[PDB]
Amino acid sequence: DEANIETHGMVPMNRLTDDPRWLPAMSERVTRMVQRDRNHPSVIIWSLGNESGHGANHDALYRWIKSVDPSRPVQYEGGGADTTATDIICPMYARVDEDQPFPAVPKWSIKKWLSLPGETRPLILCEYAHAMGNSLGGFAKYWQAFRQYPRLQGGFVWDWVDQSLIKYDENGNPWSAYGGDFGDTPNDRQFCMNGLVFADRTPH
Amino acid sequence: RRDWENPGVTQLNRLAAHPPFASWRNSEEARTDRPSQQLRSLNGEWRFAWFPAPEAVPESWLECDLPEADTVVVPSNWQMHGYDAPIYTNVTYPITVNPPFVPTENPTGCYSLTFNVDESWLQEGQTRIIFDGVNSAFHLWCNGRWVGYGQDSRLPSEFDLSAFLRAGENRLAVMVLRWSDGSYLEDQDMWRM
Amino acid sequence: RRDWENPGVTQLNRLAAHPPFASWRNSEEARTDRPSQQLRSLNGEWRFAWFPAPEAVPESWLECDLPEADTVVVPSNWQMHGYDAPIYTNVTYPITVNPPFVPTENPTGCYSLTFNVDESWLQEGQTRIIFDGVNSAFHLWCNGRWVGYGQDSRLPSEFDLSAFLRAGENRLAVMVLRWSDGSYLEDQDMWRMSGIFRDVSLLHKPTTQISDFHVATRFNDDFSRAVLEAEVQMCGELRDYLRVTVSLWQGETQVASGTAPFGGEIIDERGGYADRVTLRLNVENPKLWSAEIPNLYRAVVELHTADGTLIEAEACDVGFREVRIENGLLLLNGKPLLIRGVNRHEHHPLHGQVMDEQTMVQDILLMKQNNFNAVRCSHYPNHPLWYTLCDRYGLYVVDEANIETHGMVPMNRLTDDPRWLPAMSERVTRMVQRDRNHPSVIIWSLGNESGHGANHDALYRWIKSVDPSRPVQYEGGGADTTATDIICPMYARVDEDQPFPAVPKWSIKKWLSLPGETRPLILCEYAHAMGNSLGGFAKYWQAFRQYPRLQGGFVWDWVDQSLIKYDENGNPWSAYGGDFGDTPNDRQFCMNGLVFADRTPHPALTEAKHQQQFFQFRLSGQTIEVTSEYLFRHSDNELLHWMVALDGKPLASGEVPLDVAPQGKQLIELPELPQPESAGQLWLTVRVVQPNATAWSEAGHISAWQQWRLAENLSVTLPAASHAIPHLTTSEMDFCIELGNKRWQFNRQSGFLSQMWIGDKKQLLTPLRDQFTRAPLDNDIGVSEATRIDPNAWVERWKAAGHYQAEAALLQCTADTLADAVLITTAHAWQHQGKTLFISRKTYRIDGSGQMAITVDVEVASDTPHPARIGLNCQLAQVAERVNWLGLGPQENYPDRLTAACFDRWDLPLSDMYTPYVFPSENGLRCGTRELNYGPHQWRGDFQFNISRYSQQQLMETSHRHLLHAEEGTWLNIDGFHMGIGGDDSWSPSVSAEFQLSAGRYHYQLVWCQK
Ligand SMILES: OC[C@@H]1[C@H](O)[C@H](O)[C@@H](O)c2nnnn21
Ligand SMILES: OC[C@@H]1[C@H](O)[C@H](O)[C@@H](O)c2nnnn21
Ligand SMILES: [Mg+2]
Ligand SMILES: [Mg+2]
Ligand SMILES: [Mg+2]
Ligand SMILES: [Mg+2]
Ligand SMILES: [Mg+2]
Ligand code: NA
Ligand code: NA
Ligand code: NA
Ligand code: NA
Ligand code: NA
């Protein structure tokens, strides 16, 4: 279960999340979630939100939760996927064997990540195997690792269904539309279709 | 007050959050997860009218129905009805980045409903309204009088109408803003509706 | 909107918090911390009208000064000027508890000011208004246009008037509400006042300005090398040519300097901060900061153009010091502290809660002069100057957020509530943001008496997160929660457990060793100094020294919060709870200080000083061993003085220079010491003197002392040839004794010494009688009320037992003649509701020498409460100017509070023998006295005594010291034994067992004679 908090477009990412003046707003997004959903057995992990860097607001919110509801681990990927605001190393698109040492927020091979000096947390990819169009090339390689390494505990594929919408042609013939099709601009074109299933639930 | 341009203000008069309630007045129903007389749906046909900015809305809409209004289904997304377009933007904010301000031309949806309230509800106890999802911020009026304000397009916003309703017919007025300071917190990679 | 009844609204249009700024336009003014033409004070003469409610405010006030308005000085508390009453309530909220609402009649202050503004200010730049402190909420208008709103009475609220001001004359309008949703977080145990109590000023900043800056200092292993790191942020337009220079000075000497353009390191996938820059400076051999040697550097931050043109400069004092907890110990600069602290409220007898520099400096010096090295800001951020001062004089400070909800039921009612997280967080984040650069601040505190809720754990984490340089502590919820790095209890006893349910207060020695516990333990409040208190202070100090992880504490508290009241003669008197018509109220409970509100010390102050000494001493043979408890300085402003006296008569003495390394020892051998010409006890006294004056002391200041008995020679010399013989004159009513120009009369029915004469002069106003009670001290009283008694309080156990009502029944009264003496024997009973409380058996022996020998044997039933005292007392007919004695002094001292007193021969004016506590009680006693002198009288033995113009009765019958009236004569209380006074707490019995008079059988003897 994940808080409605994402500030990706800020420069740098943690602009608002590190801002004490935004803690209040952020906190209601976290506290109100937990207050509503804490009796559901299905919820096994709480998430602090998505792609908002890593701000002090995160560490405070992380503690609030651990403190009001110990029953569940708390995770969060921002700021490099293994900060002090996450019980779980939850990277997005870290590869199996290949490292991608971006500055400040590198994405290590998952196999490698687990054993970095000092590290001992489990690792579950929060997003992996981007299913855009003709994709899922190399899927088996993750599975192989998942089964061989005890601490590599799986992941959440990105993602379930294309975010295509319906528009009608001159005969009222419906067709799947993407970014820019509604005269929307600027837009991300086909980047909103990345699922395992078509918008109508038909499998890819 | 321009509440929608201040992260210091994310709600007004909103009731505290809590696990799902139905206030069953029969235990066995509660046990069975059956419907509850005390938990009514307002879903369905409503009155709606689009404006380009909150400044364009007529005070008259608080008191009485906008004759230009159409009758639409709720819940819904007004873009799915063509009042305006949905925008697909991944990372870049669909509005200029100048927190906590939002554009002046800020698409506004004026939703309205005339509904019944049984006196039995009014003789005792408390009558609250619950909106499970309003994107991105809104003001609410009941029978012409202001009730409160809310943000966070993805959690329920609850208000006590106990002192605002009357037995019988009643009118709600909801002014929904497309953009608000809460929009800064909602930069997900998906359509902007 | 009634923003004042909504915790979701804490402010409107309020600018962000930041470290102290001054916007200098000259670097040098900056480095030297001189005034800046860009920071103006608007303090002084303002207009004020009082209202009962905001709704009654003439909306005209907005545009025009109202006429009924008076002219008053600001800052100020309106209660201080008489528009209304300040209220003294401890726990009980002064308003009905119904969060978030406040009462409808809400005293409203209408402040307004007509002032001129320099257009140069308006043509460019930004002009902000700054309210250092507004109690509790306010709305702001400028030239009739609304500006904004703010809460939190203890931190600065700032607004941008750039667009509201006009060339020339202008009007500010300020509506301050007494109560607001903020009061809920302001339940501190102190007076409830209101208004614009801290400074008001204007700050002009350029458009492109420095908006915040953080200074860090990290060290290598032996602190031989440091890195000064300074993080700088800006507001305005960024440009390539923009620069920041950070330079570091040790006075006139520029130690280091660095320059960079804006642009931080990459921090995320989104990059980094374009509008920030971090400069780093190496410092070799830093001169380190401590409360022992407050070494500071000056940090100057210039925002300038690449051409060299300065835009503005900001600056701060820097202290190189590291705070860390390691292996269970609190270290400073790698060394374990020993906190000799005190809690201190911002209070002024006439100014209420308005603070001034004079007062601050006065407090600090007293502090230092009394060996205090630390202070806790109970329970809110202090006026900004305090910190600059602590920085410079050197005091370890505990900075505490303004969050106290003691009146909630249960206490963490709001703090565990997510709807109160935001208002709470601002009270903590805005504190940190403003004070983080001060080196005197070594620990953060989450607040006071708010239970422990989830909001605390969240805020505990934000801090650790933003400023890892300082531990975080909080005492609520048990003193050892997950929201504190230090076990910081309040009033936990040294050896005594007090197992309250859920939040027990273990004995500190035991608390450290609980299974699994490893933190350090420093009490946030201890030794409640209320009235005649501080009993057992030495027991804490002994433990702190013996146990490494016991690191000291903060006494409660510095100064009494009594306000000044004037009688019809326009004579001032110190007032407390309820004297303002305020109710409900907590009476004298706002008076718990080591000094009077006027800064005159209470006697306990001296006890603190001695226990908190930095040099320990040991004696052996002719060998004295001085051990320094300093951790960083050598005894470079100290010399040792020693003196040997025989029963106060000086024999020998001398001085030796001290030269002790921190933690070291020095052995001073003493010279061969001549023996003495007669019986008596020799006593050695040493004292540590500081030859030179310092910033906080004068040349010759004594910082420590100690005493030891040396050899003793018992008198064996047999009196002498009785010159004459007392004659006894027996009547059916009296036993009369005559010897020369003296007579003693013993009433045969009473069994007491009814009268004594010298010449034809009567010596007594009332007979000499045993006394077993004392006019109740604050500590004896505890919480006990006349409407709600605390049957557990000492006073209550005593009253109930009939001790203050017991009556003397004669059991036996005889007179016998000896070879050369007259001997009277008596036996008395003290009963109550048919039980014998005590039995007093005496003998009076009158010899030809004319001395009256008294022997007292008392019996105290095992089942009666232990008595306040066991002695005799009388009202002397005489009044003399001086009191001279040989024993412990010079100041008032009791059994559990006499370590700092010294045995010698003392002489003071009668008045120094009476302690003027506001709440009168037994006071002024002196222990271990071997000889007492008054008028032509002399008493000898081994006893304790007090002497003044007030009977115990009058004292215990009076509540304000200013209603006391000098009785006829002189009241004399001479005790064989006196009960300790306690003080661990003043709300329950705190007198230790070894200070209780429970032996059952007591024996004392005295000799009264004449000179
Ligand atoms: O479809 C790409 C996805 C999508 O934007 C996710 O919301 C985001 O967490 C992400 N990060 N990297 N790639 N993605
Ligand atoms: O003077 C009594 C003091 C005063 O109330 C302090 O503010 C509070 O922390 C406290 N708790 N217990 N005793 N005290
Ligand atoms: Mg808002
Ligand atoms: Mg994203
Ligand atoms: Mg408020
Ligand atoms: Mg309190
Ligand atoms: Mg010396
Ligand atoms: Na695995
Ligand atoms: Na996508
Ligand atoms: Na110790
Ligand atoms: Na008090
Ligand atoms: Na008294």
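Reminder, nothing fancy here: chain letters follow the sequence lines and each chain counts from 1. Every heavy atom of this structure was used, including side-chain atoms; hydrogens, water molecules and symmetry mates were not. One-based numbering, in listed order, for ligands and for the atoms of each.
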Using distance alone, with no hydrogens and no angle criterion, decide if [X] and [Y] have a side-chain donor and acceptor under 3.5 Å apart.
| X | Y | answer |
| --- | --- | --- |
| C:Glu186 | C:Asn402 | yes |
| A:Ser52 | A:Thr17 | no |
| B:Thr92 | B:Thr89 | no |
| C:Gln353 | C:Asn77 | no |
| B:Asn98 | B:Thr96 | no |

Applying the side chain to side chain donor-acceptor pair (under 3.5 Å) criterion to C:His345, which one of C:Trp191, C:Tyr380, C:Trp558 satisfies it? C:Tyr380

For the Na ion (ligand 11), does an N/O/S atom of C:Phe589 lie at less than 3.0 Å?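 Yes.
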
Is it true that some N/O/S atom of C:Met530, main chain or side chain, lies under 3.0 Å from the Na ion (ligand 11)? no

Counting backbone and side chain alike, does B:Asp187 bring an N/O/S atom below 2.8 Å of the Mg ion (ligand 4)? no

Whether B:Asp189 has an N, O or S atom under 2.8 Å from the Mg ion (ligand 4): no

N/O/S atom name from C:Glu638 that is nearest to the position of the Mg ion (ligand 7):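 Of the nitrogen, oxygen and sulfur atoms in C:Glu638, the Mg ion (ligand 7) lies nearest to O.
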
Just to confirm my numbers, could you give the angle made at the Mg ion (ligand 4) by OE2 of A:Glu6 and OE1 of A:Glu51, rounded to 10°? 100°

Carefully, step by step, assess A:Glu2 and B:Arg154 under the rule salt bridge (charged side-chain N to carboxylate O under 4.0 Å, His left out). CA-CA 11 Å; A:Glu2 189 155 87; B:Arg154 305 265 167 176; over 6 Å; no

Name, closest N/O/S atom of C:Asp189 to the Na ion (ligand 11): OD2

Please find out if the Mg ion (ligand 7) and some N, O or S atom of C:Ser635 are separated by less than 2.8 Å.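 So C:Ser635 counts as coordinating the Mg ion (ligand 7), yes.
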
Could you identify the N, O or S atom of A:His8 positioned closest to the Mg ion (ligand 4)?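 Result: ND1.
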
